[PDB]
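Here is the structure we will look at, set down as structure tokens.
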Amino acid sequence: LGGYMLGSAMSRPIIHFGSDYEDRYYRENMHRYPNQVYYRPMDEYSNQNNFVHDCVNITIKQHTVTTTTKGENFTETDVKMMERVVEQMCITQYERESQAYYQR
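Take any residue in the sequence shown, note its place counting from 1, add 102, and you have its number in mature numbering (1 follows the signal peptide of the UniProt record, and there is no 0).
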């Protein structure tokens, strides 16, 4: 990373895949999943969804490196479920900082 950073943790977003199976599938292991999200300052630009689609990429990439380095690797469904959890959290982490620009 070397620029991009980590702010706050959250609650685990209860995702909806539409299958209660896949809810509880994540939910059985959810403590092992991510609980904070990697973002960067606006500085120049911002979007509504596309910088979130950037931030999600970084958080999964990091976990696919620095925790995969700890032996703890993931499958693609594990990634896709993370992408959801991380996007959900990134929406709030974006909005929290974005509201502070508005408050200026």
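For every residue, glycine included, the Cβ atom is placed at its ideal position computed from N, Cα and C.
Open item on the list: Using C-beta distances below 8 Å, list every residue in its chain close to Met-184, excluding the 5 sequence neighbours before and after it, in chain order.
Closed with: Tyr-135, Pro-136, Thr-161, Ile-162, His-165 and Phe-176
TODO: Report all residues from its chain with a CB closer than 6 Å to the CB of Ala-111; omit the five preceding and five following residues, and keep chain order.
DONE: The beta carbon of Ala-111 sits closer than 6 Å to those of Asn-137 and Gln-138, all from its chain and outside the five residues before and after it, given in chain order.
Open item on the list: One question on the structure: do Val-167 and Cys-192 come within less than 9 Å of each other, judged by their Cβ atoms?
Closed with: no
Open item on the list: Between which two residues does the alpha helix (DSSP H) holding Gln-205 run?
Closed with: Run containing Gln-205: none; DSSP gives neither H nor E here.
- [ ] Let me know if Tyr-204 comes out buried or exposed under the rule of 16 or more other beta-carbons within 10 Å of its beta-carbon.
- [x] exposed
TODO: Name the one or two DSSP bridge partners that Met-107 has.
DONE: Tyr-141
- [ ] Give the range of the alpha helix (DSSP H) segment to which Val-154 is assigned.
- [x] 152-164
Task: Whole-angstrom distance between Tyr-196 and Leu-108, CA atom to CA atom - done: 12 Å
Task: Rounded C-alpha distance that separates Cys-157 from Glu-189 - done: Looking at the two C-alpha atoms, the distance is approximately 8 Å.
Task: For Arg-186, the nearest candidate out of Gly-105, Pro-115 and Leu-103 (CA to CA) - done: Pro-115
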